[PDB]
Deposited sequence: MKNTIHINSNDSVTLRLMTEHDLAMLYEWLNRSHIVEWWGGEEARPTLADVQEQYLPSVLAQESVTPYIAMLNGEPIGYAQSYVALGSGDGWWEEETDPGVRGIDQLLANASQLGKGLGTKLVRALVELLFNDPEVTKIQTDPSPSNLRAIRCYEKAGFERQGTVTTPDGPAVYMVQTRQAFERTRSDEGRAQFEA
């Protein structure tokens, strides 16, 4: 069972290592330690309405995740959003030897549950790139539905949603 804790300043050097592992680099640019400290400091992320978490498994950190207020995004992101209740997610697994063993699906399921525990939250979104079939499949298994293609400042994305109603019906 995978759980989530908030990321702290103390996790930044570990995150920096992960973001230079080649299984991560291919989908996530190759940040220096200072890049990571400037960009992923929780109080800096806070300014773009981003919350970082660390995924835990048997007491060990196994990945990184982010939630964000879509409406709170700016610089070209989700310009058409009108609903303050929408959240987006992103995530990664730290260890290549743990890829494709269902852990990503548990991580996403844990992150979806936490977010719907914000009573103001209406819907979760994700935006994997079209090439990223493994991320798209993992999200599907976690209850996300493919809507269609959207343009983002990083490029096209397969836009996927899970509503609160859908979550209510499947959680049992």
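Asker: Please list, in sequence order, every stretch of the deposited sequence that lacks C-alpha coordinates.
Answerer: Residues lacking C-alpha coordinates: 1-11, 40-43, 188-196.
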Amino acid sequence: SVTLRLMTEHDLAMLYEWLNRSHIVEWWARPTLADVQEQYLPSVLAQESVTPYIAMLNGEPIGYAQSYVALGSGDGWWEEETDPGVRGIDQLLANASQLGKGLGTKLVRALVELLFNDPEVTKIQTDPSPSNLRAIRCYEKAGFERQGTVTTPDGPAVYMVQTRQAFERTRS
From here on, numbers count along this sequence of modelled residues.
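Asker: Please work out which of 5-13 and 154-162 has the higher mean CA B-factor as recorded in the PDB entry.
Answerer: The entry gives the higher C-alpha B-factor average to 5-13.
Asker: Comparing 95-103 with 77-85, which has the greater mean CA B-factor as deposited?
Answerer: Between 95-103 and 77-85, it is 95-103.
Asker: Out of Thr126, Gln37, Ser131, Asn58, whose C-alpha atom has the biggest B factor in the entry?
Answerer: The listed residue with the largest C-alpha B-factor is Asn58.
Asker: For the listed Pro119, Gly63, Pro31, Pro52, which has the peak Cα B-factor recorded in the PDB entry?
Answerer: By C-alpha B-factor in the record, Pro31 ranks first.
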